[PDB]
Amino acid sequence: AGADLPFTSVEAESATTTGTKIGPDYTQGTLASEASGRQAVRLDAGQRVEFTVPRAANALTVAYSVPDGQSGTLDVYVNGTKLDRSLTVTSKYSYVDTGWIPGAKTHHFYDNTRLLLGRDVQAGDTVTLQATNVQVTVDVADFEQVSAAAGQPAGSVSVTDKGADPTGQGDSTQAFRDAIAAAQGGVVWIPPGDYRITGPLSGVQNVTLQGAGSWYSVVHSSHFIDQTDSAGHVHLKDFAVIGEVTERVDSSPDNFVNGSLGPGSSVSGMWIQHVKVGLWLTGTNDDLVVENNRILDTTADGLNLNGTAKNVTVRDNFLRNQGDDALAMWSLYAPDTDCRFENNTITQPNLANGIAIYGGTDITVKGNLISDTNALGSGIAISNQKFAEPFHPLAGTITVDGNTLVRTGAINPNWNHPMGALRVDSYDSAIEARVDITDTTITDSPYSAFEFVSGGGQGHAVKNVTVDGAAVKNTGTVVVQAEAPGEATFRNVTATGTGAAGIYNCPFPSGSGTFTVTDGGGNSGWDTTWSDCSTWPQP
């Protein structure tokens, strides 16, 4: 499961250090709770963490936190020799409050900082991070092989020929606009450099915007593309869009893409960071492919298909440190139809879900690796929670296949009751789609594995659900947390290390009916039921 990625992560807590390990802790609002693996290494200015390089690499991304209000640098050594550049570390993009979200606490403590090494280290080499001028809590480091900067394709129109400033001083918005107009049906080239784009660009259609690689062609914008419609055939490729967003303003489109890329479009090879939402997509995006991107450090969702999406594929992306659902489909206005989230890797959404499907028709969630979620969500949520109107509830077949969910689920502070790793939630209406949950690996869940709930207390049925094939290991409470009326069939679910019981079956509200668990065969390790519905299984 997960994205096919040209990098390998090494947890700081698995490296050799003179600092202090923090965690594990799942408690909402703690520094350790937002760390990958629930653990990190605090480095005083004393102290270093020495990583053994896991693979050939020439680039480094580090997830870290520094105290709010402070900033500094983190030195890098390779084989005991100090590199001549350091990582910039700051709290500027961290420590986000969302008081309007009930139950949310201050969050978003970490950030990601990157550096080309100027060297190509190899497996067995040592990369050491040394704190010098600020206390740095290091979570995890990614070791990547980044290709050399690509050359300009023949016939493309360079933004610098239209007046763009690759030193990042002047505003390049008009130059990009002029290049797009001059390269209709063709390619706009973004040479290596830093480009300030106050933005937004609109009328982006019939054009490829291509950089030399997301480590070389860097756009600095907090409002890059914003348009309600487009003729489509837009291809965004191989550049970075890095904003300066430090808060979540729901009414402000402080996003990389806001609106419509039109039909037949694609987004690939991008590095998207320090925005509110990476891609807030509405309207016509038929057949859009969003693939092989990194979306890091966003104060809200990584990507949301907010209605009308048709045959959109989001695949092979890496998402870390989103401020809400990392990937979401919200079928307002018109159903998202035949869309798929496939083979993505998601870690540490600060609140809410790894993947959330709210309504929609014939949706696939396949092959994703989702780790370390927090209060207010699940690893995967398949949901009829509407939030607003006009909403289109789940319809057709929802295919949830081949996903791996690691340390997902959390106590919701609004109930003091937990959300499970994977939930089906008949929040505002009964499940009228078929929901097929197959070949799921659920590992080290702090609470329950599978949850079936009508989360608003309205008593709508969770039904038409089949769970077929699962490897469930080290579940804190129950394999099945059944709190909605309805029915589901379970086959081929193998559980080990279940903390409390196989099944908790206690539907609410009283008066809304029973939930029938059908044992379809092949199940093992969870053949017990929690005896007392008036109590809660504890981890």
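So that there is no doubt, residue numbering starts at 1 and follows the sequence shown.
In this entry, the higher average B-factor at the C-alpha atoms falls on 191 to 199, of the pair 191 to 199 and 314 to 322. Two stretches are in play, 407 to 415 and 228 to 236, and the higher mean C-alpha B-factor belongs to 407 to 415. Note on the listed residues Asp297, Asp254, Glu144, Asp439: the highest Cα temperature factor in the record is that of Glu144.
The maximum CA B-factor among the listed residues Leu303, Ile431, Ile398, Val157, taken from the PDB record, is found at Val157. Sort the chain's modelled residues by C-alpha temperature factor and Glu50 lands in the highest third, per the entry. Annotation for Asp125: CA B-factor lies in the highest third of the chain's modelled residues.
Remark: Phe387 belongs to the highest third of its chain, ranked by C-alpha B-factor as recorded.
Ranked by Cα temperature factor within the chain, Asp286 sits in the middle third according to the deposited record. Among the modelled residues of its chain, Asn492 has a C-alpha B-factor that falls in the lowest third according to the deposited record.
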